[PDB]
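Participant: Just final15.pdb, nothing more (PDB, C-alpha atoms):
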```pdb
ATOM      1  CA  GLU X   1      81.511 172.815 109.441
ATOM      2  CA  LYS X   2      78.213 171.083 108.676
ATOM      3  CA  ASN X   3      76.783 169.993 112.028
ATOM      4  CA  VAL X   4      73.083 170.865 111.870
ATOM      5  CA  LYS X   5      70.568 169.395 114.324
ATOM      6  CA  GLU X   6      66.849 170.083 114.732
ATOM      7  CA  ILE X   7      65.761 171.581 118.038
ATOM      8  CA  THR X   8      62.462 169.724 118.342
ATOM      9  CA  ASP X   9      61.405 171.434 121.583
ATOM     10  CA  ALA X  10      62.226 175.110 122.073
ATOM     11  CA  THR X  11      60.563 175.756 125.438
ATOM     12  CA  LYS X  12      63.893 175.843 127.285
ATOM     13  CA  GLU X  13      66.823 178.270 127.377
ATOM     14  CA  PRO X  14      68.382 179.526 125.268
ATOM     15  CA  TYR X  15      66.014 178.366 122.522
ATOM     16  CA  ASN X  16      62.987 180.232 123.896
ATOM     17  CA  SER X  17      64.708 183.551 123.150
ATOM     18  CA  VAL X  18      64.716 182.788 119.419
ATOM     19  CA  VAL X  19      61.805 184.074 117.316
ATOM     20  CA  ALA X  20      60.548 183.358 113.795
ATOM     21  CA  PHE X  21      60.000 186.047 111.197
ATOM     22  CA  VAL X  22      58.654 185.349 107.708
ATOM     23  CA  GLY X  23      62.018 186.010 106.062
ATOM     24  CA  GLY X  24      64.319 184.916 108.879
ATOM     25  CA  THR X  25      65.191 184.999 112.548
ATOM     26  CA  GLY X  26      65.516 187.253 115.592
ATOM     27  CA  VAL X  27      66.601 187.148 119.232
ATOM     28  CA  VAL X  28      64.711 188.365 122.288
ATOM     29  CA  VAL X  29      67.072 190.722 124.116
ATOM     30  CA  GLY X  30      64.845 192.469 126.658
ATOM     31  CA  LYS X  31      61.252 193.317 127.553
ATOM     32  CA  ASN X  32      59.158 193.279 124.360
ATOM     33  CA  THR X  33      62.363 193.788 122.380
ATOM     34  CA  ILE X  34      63.709 191.711 119.485
ATOM     35  CA  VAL X  35      66.999 192.101 117.594
ATOM     36  CA  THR X  36      67.227 191.146 113.903
ATOM     37  CA  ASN X  37      68.466 192.243 110.462
ATOM     38  CA  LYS X  38      67.242 195.434 108.779
ATOM     39  CA  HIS X  39      65.569 193.893 105.721
ATOM     40  CA  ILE X  40      63.851 191.359 107.976
ATOM     41  CA  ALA X  41      62.275 194.188 109.983
ATOM     42  CA  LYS X  42      61.533 196.452 107.006
ATOM     43  CA  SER X  43      59.784 193.932 104.749
ATOM     44  CA  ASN X  44      57.754 192.606 107.677
ATOM     45  CA  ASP X  45      56.578 196.159 108.387
ATOM     46  CA  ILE X  46      54.908 196.606 104.990
ATOM     47  CA  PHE X  47      53.035 193.321 105.347
ATOM     48  CA  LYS X  48      52.377 194.088 109.032
ATOM     49  CA  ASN X  49      52.832 190.412 109.908
ATOM     50  CA  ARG X  50      53.200 188.655 113.263
ATOM     51  CA  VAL X  51      56.299 187.136 114.855
ATOM     52  CA  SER X  52      56.380 183.630 116.335
ATOM     53  CA  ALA X  53      58.075 183.086 119.699
ATOM     54  CA  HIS X  54      60.304 179.975 119.604
ATOM     55  CA  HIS X  55      58.238 177.996 117.108
ATOM     56  CA  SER X  56      59.278 174.347 116.886
ATOM     57  CA  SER X  57      57.905 171.061 115.566
ATOM     58  CA  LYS X  58      56.787 169.600 118.904
ATOM     59  CA  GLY X  59      57.370 172.389 121.408
ATOM     60  CA  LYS X  60      54.086 174.132 122.096
ATOM     61  CA  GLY X  61      54.473 177.696 120.907
ATOM     62  CA  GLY X  62      55.108 180.875 122.881
ATOM     63  CA  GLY X  63      52.503 182.777 120.875
ATOM     64  CA  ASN X  64      52.231 185.078 117.866
ATOM     65  CA  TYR X  65      52.790 188.775 118.431
ATOM     66  CA  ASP X  66      52.041 191.971 116.507
ATOM     67  CA  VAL X  67      54.848 194.452 115.840
ATOM     68  CA  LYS X  68      54.575 197.859 117.520
ATOM     69  CA  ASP X  69      57.399 199.766 115.802
ATOM     70  CA  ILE X  70      60.877 199.413 114.280
ATOM     71  CA  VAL X  71      64.121 201.175 115.206
ATOM     72  CA  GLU X  72      67.021 200.876 112.755
ATOM     73  CA  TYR X  73      70.701 201.369 113.569
ATOM     74  CA  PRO X  74      71.768 204.593 111.778
ATOM     75  CA  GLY X  75      75.194 203.177 110.867
ATOM     76  CA  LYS X  76      76.226 200.741 108.140
ATOM     77  CA  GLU X  77      75.667 197.660 110.292
ATOM     78  CA  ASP X  78      72.843 195.247 109.468
ATOM     79  CA  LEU X  79      71.030 195.747 112.764
ATOM     80  CA  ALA X  80      67.418 196.612 113.550
ATOM     81  CA  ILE X  81      65.499 196.313 116.811
ATOM     82  CA  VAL X  82      61.808 195.403 116.921
ATOM     83  CA  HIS X  83      59.125 196.095 119.529
ATOM     84  CA  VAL X  84      56.071 193.872 119.951
ATOM     85  CA  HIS X  85      52.658 194.223 121.503
ATOM     86  CA  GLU X  86      53.100 191.899 124.464
ATOM     87  CA  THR X  87      49.575 190.463 124.432
ATOM     88  CA  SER X  88      48.796 188.016 121.623
ATOM     89  CA  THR X  89      45.339 187.405 120.142
ATOM     90  CA  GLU X  90      45.261 184.211 122.200
ATOM     91  CA  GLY X  91      45.989 186.170 125.383
ATOM     92  CA  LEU X  92      49.570 184.966 125.791
ATOM     93  CA  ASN X  93      51.991 187.423 127.385
ATOM     94  CA  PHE X  94      55.255 187.931 125.483
ATOM     95  CA  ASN X  95      57.470 188.220 128.552
ATOM     96  CA  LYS X  96      56.031 185.094 130.183
ATOM     97  CA  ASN X  97      56.880 182.985 127.133
ATOM     98  CA  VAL X  98      60.419 184.096 126.278
ATOM     99  CA  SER X  99      63.765 184.476 127.996
ATOM    100  CA  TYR X 100      66.109 187.437 127.575
ATOM    101  CA  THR X 101      69.499 186.404 126.192
ATOM    102  CA  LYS X 102      72.618 187.808 127.871
ATOM    103  CA  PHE X 103      75.522 189.633 126.224
ATOM    104  CA  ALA X 104      78.816 188.107 126.077
ATOM    105  CA  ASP X 105      81.883 190.200 126.685
ATOM    106  CA  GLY X 106      83.277 189.765 123.946
ATOM    107  CA  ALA X 107      84.673 186.942 121.821
ATOM    108  CA  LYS X 108      87.972 185.568 120.517
ATOM    109  CA  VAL X 109      89.164 183.873 117.324
ATOM    110  CA  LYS X 110      88.865 180.059 117.389
ATOM    111  CA  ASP X 111      85.932 180.105 119.823
ATOM    112  CA  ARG X 112      83.228 177.468 119.362
ATOM    113  CA  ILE X 113      79.818 178.958 118.564
ATOM    114  CA  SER X 114      76.198 178.025 117.857
ATOM    115  CA  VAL X 115      73.897 179.496 115.213
ATOM    116  CA  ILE X 116      70.201 179.013 115.995
ATOM    117  CA  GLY X 117      67.519 179.949 113.465
ATOM    118  CA  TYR X 118      65.045 178.817 110.821
ATOM    119  CA  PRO X 119      66.911 177.792 107.641
ATOM    120  CA  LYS X 120      64.513 177.239 104.722
ATOM    121  CA  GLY X 121      61.624 177.685 107.158
ATOM    122  CA  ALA X 122      58.985 177.986 104.441
ATOM    123  CA  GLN X 123      59.869 174.461 103.287
ATOM    124  CA  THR X 124      60.227 172.840 106.718
ATOM    125  CA  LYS X 125      57.121 174.426 108.213
ATOM    126  CA  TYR X 126      59.565 176.463 110.316
ATOM    127  CA  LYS X 127      61.568 173.893 112.254
ATOM    128  CA  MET X 128      64.270 175.338 114.509
ATOM    129  CA  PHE X 129      67.826 174.225 113.729
ATOM    130  CA  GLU X 130      71.087 174.543 115.648
ATOM    131  CA  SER X 131      74.326 174.738 113.663
ATOM    132  CA  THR X 132      77.758 174.653 115.306
ATOM    133  CA  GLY X 133      81.029 176.168 114.090
ATOM    134  CA  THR X 134      84.044 178.352 114.809
ATOM    135  CA  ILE X 135      84.897 182.059 114.628
ATOM    136  CA  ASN X 136      87.679 182.606 112.085
ATOM    137  CA  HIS X 137      87.881 186.403 112.059
ATOM    138  CA  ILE X 138      86.924 189.377 114.212
ATOM    139  CA  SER X 139      87.522 192.919 112.961
ATOM    140  CA  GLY X 140      85.716 195.701 114.828
ATOM    141  CA  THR X 141      82.034 195.273 114.013
ATOM    142  CA  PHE X 142      82.626 192.408 111.572
ATOM    143  CA  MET X 143      82.975 188.697 112.299
ATOM    144  CA  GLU X 144      83.302 185.515 110.231
ATOM    145  CA  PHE X 145      82.338 181.966 111.226
ATOM    146  CA  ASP X 146      82.205 178.592 109.484
ATOM    147  CA  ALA X 147      78.929 177.206 110.846
ATOM    148  CA  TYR X 148      76.598 175.912 108.124
ATOM    149  CA  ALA X 149      73.908 178.429 107.175
ATOM    150  CA  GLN X 150      71.014 178.617 104.723
ATOM    151  CA  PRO X 151      68.745 181.588 104.053
ATOM    152  CA  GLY X 152      66.868 181.493 106.679
ATOM    153  CA  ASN X 153      69.437 182.289 108.965
ATOM    154  CA  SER X 154      69.286 186.065 108.506
ATOM    155  CA  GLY X 155      69.304 187.618 111.979
ATOM    156  CA  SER X 156      70.070 184.355 113.776
ATOM    157  CA  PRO X 157      71.720 184.614 117.220
ATOM    158  CA  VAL X 158      75.361 183.589 117.440
ATOM    159  CA  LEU X 159      75.967 182.133 120.902
ATOM    160  CA  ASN X 160      79.120 181.091 122.761
ATOM    161  CA  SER X 161      79.719 178.004 124.913
ATOM    162  CA  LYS X 162      77.792 179.563 127.813
ATOM    163  CA  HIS X 163      74.636 180.472 125.850
ATOM    164  CA  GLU X 164      75.539 184.178 125.684
ATOM    165  CA  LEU X 165      74.947 186.434 122.685
ATOM    166  CA  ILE X 166      78.005 187.388 120.619
ATOM    167  CA  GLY X 167      76.163 188.758 117.582
ATOM    168  CA  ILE X 168      73.809 187.987 114.702
ATOM    169  CA  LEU X 169      74.164 186.594 111.178
ATOM    170  CA  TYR X 170      73.530 188.982 108.284
ATOM    171  CA  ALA X 171      75.247 187.536 105.196
ATOM    172  CA  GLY X 172      76.581 184.325 103.714
ATOM    173  CA  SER X 173      79.229 183.846 101.061
ATOM    174  CA  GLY X 174      77.850 182.531  97.767
ATOM    175  CA  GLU X 177      74.280 176.620 101.272
ATOM    176  CA  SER X 178      77.261 178.415 102.820
ATOM    177  CA  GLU X 179      80.153 177.409 105.083
ATOM    178  CA  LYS X 180      81.692 180.794 105.591
ATOM    179  CA  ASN X 181      79.210 183.321 106.957
ATOM    180  CA  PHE X 182      79.411 186.913 108.156
ATOM    181  CA  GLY X 183      78.091 188.358 111.411
ATOM    182  CA  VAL X 184      77.495 191.627 113.215
ATOM    183  CA  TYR X 185      79.884 191.400 116.170
ATOM    184  CA  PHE X 186      78.496 193.327 119.140
ATOM    185  CA  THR X 187      80.993 195.929 120.323
ATOM    186  CA  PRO X 188      80.247 197.913 123.525
ATOM    187  CA  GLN X 189      78.973 200.712 121.260
ATOM    188  CA  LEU X 190      76.448 198.356 119.649
ATOM    189  CA  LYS X 191      75.516 197.004 123.085
ATOM    190  CA  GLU X 192      74.852 200.608 124.119
ATOM    191  CA  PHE X 193      72.418 201.110 121.234
ATOM    192  CA  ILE X 194      70.426 197.940 121.938
ATOM    193  CA  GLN X 195      70.147 198.475 125.706
ATOM    194  CA  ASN X 196      68.858 202.030 125.222
ATOM    195  CA  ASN X 197      65.964 200.769 123.096
ATOM    196  CA  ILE X 198      64.566 198.051 125.372
ATOM    197  CA  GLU X 199      61.002 198.616 126.613
ATOM    198  CA  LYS X 200      60.777 199.590 130.272
TER     199      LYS X 200
END
```
Is it possible to express this structure as structure tokens?

Facilitator:
Amino acid sequence: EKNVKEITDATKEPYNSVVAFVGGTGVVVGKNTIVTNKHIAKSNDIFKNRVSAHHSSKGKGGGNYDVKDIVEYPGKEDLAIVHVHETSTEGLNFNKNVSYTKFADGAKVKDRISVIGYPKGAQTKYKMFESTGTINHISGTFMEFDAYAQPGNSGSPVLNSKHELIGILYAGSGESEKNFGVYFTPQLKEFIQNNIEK
């Protein structure tokens, strides 16, 4: 499926839970807590760069926030969580400018999904795009879906028809029209919930 539309204003749910990294995308899951891919978190840590809360072309941004620390998932799964300092250098509060996306118990094959991220964000000046598709395969922690994705879309939220979080993108095949995701089992939901700032 190639149905890709620009989200020109990202101040509303669920788009205000999506954040921009340099190399890709994350989701806001709880207080001061962002979920993304491992290499997105790791390579950002050695440049010590900021994250942008729901940046869009006409939206009015949610601020730019420094990273506190990074917690990686010990297993094989491409999952890292990221903590921010909640006060930006403009004085914006993180938790007043995002929403927390809900989990999504669980998913089935042939479900319609949305992938929201920043494909080729360096070339677009980081426009937010929504891409729709369908889950073809779920096996344990793995899932496959046929929504159009460009790199970019590393760590992009996969949402169901009720704006709830099924998982995140980590890999494409090969422009890509079969892409692979980290499907959030209860065990993965346990890990994320335990690492939300309180």

Participant: Nearest to residue 24 of chain X among X:106, X:59, X:75, X:157, with distances taken over all atoms listed in the file: which residue is it?

Facilitator: X:157

Participant: Could you give me, as a Markdown table, a per-residue list for segment 83-183 of chain X showing, wherever an atom lies at most 12 Å from an atom of segment 46-52 of chain X, the closest pair of atoms and their distance in Å to one decimal, using all atoms listed in the file and sorting by chain then residue number from low to high?

Facilitator:
```
| residue | atom | partner | partner_atom | distance |
| --- | --- | --- | --- | --- |
| X:83 | CA | X:51 | CA | 10.5 |
| X:84 | CA | X:51 | CA | 8.4 |
| X:85 | CA | X:50 | CA | 10.0 |
| X:86 | CA | X:51 | CA | 11.2 |
| X:87 | CA | X:50 | CA | 11.9 |
| X:88 | CA | X:50 | CA | 9.5 |
| X:89 | CA | X:50 | CA | 10.5 |
| X:92 | CA | X:52 | CA | 11.7 |
| X:94 | CA | X:52 | CA | 10.2 |
| X:97 | CA | X:52 | CA | 10.8 |
| X:98 | CA | X:52 | CA | 10.7 |
| X:118 | CA | X:52 | CA | 11.3 |
| X:126 | CA | X:52 | CA | 9.9 |
| X:127 | CA | X:52 | CA | 11.8 |
| X:128 | CA | X:52 | CA | 11.6 |
```

Participant: Evaluated on this file, the PyMOL selection byres ((chain X and resi 174-189) around 10) picks out some residues - which ones are they, written as a compact mmCIF listing (two decimals) with C-alpha atoms, in the frame of the given file?

Facilitator:
```txt
# COMPACT_ATOMS: atom_id res chain seq x y z
CA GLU X 1 81.51 172.82 109.44
CA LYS X 2 78.21 171.08 108.68
CA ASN X 37 68.47 192.24 110.46
CA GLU X 77 75.67 197.66 110.29
CA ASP X 78 72.84 195.25 109.47
CA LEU X 79 71.03 195.75 112.76
CA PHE X 103 75.52 189.63 126.22
CA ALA X 104 78.82 188.11 126.08
CA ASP X 105 81.88 190.20 126.68
CA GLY X 106 83.28 189.76 123.95
CA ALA X 107 84.67 186.94 121.82
CA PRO X 119 66.91 177.79 107.64
CA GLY X 133 81.03 176.17 114.09
CA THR X 134 84.04 178.35 114.81
CA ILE X 135 84.90 182.06 114.63
CA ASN X 136 87.68 182.61 112.08
CA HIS X 137 87.88 186.40 112.06
CA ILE X 138 86.92 189.38 114.21
CA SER X 139 87.52 192.92 112.96
CA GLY X 140 85.72 195.70 114.83
CA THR X 141 82.03 195.27 114.01
CA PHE X 142 82.63 192.41 111.57
CA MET X 143 82.98 188.70 112.30
CA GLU X 144 83.30 185.52 110.23
CA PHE X 145 82.34 181.97 111.23
CA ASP X 146 82.20 178.59 109.48
CA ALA X 147 78.93 177.21 110.85
CA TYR X 148 76.60 175.91 108.12
CA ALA X 149 73.91 178.43 107.18
CA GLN X 150 71.01 178.62 104.72
CA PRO X 151 68.74 181.59 104.05
CA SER X 154 69.29 186.06 108.51
CA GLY X 155 69.30 187.62 111.98
CA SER X 156 70.07 184.36 113.78
CA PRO X 157 71.72 184.61 117.22
CA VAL X 158 75.36 183.59 117.44
CA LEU X 165 74.95 186.43 122.68
CA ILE X 166 78.00 187.39 120.62
CA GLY X 167 76.16 188.76 117.58
CA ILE X 168 73.81 187.99 114.70
CA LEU X 169 74.16 186.59 111.18
CA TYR X 170 73.53 188.98 108.28
CA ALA X 171 75.25 187.54 105.20
CA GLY X 172 76.58 184.32 103.71
CA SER X 173 79.23 183.85 101.06
CA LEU X 190 76.45 198.36 119.65
CA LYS X 191 75.52 197.00 123.08
CA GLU X 192 74.85 200.61 124.12
CA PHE X 193 72.42 201.11 121.23
CA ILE X 194 70.43 197.94 121.94
```

Participant: Give the answer as one residue: which of X:6, X:13, X:69, X:199 has the shortest atom-to-atom distance to residue 100 of chain X, using all atoms listed in the file?

Facilitator: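 Residue with the minimum atom-to-atom distance to residue 100 of chain X: X:13.
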
Participant: Quick one: distance from atom CA of residue 21 of chain X to atom CA of residue 111 of chain X in Å, one decimal?

Facilitator: 28.0 Å
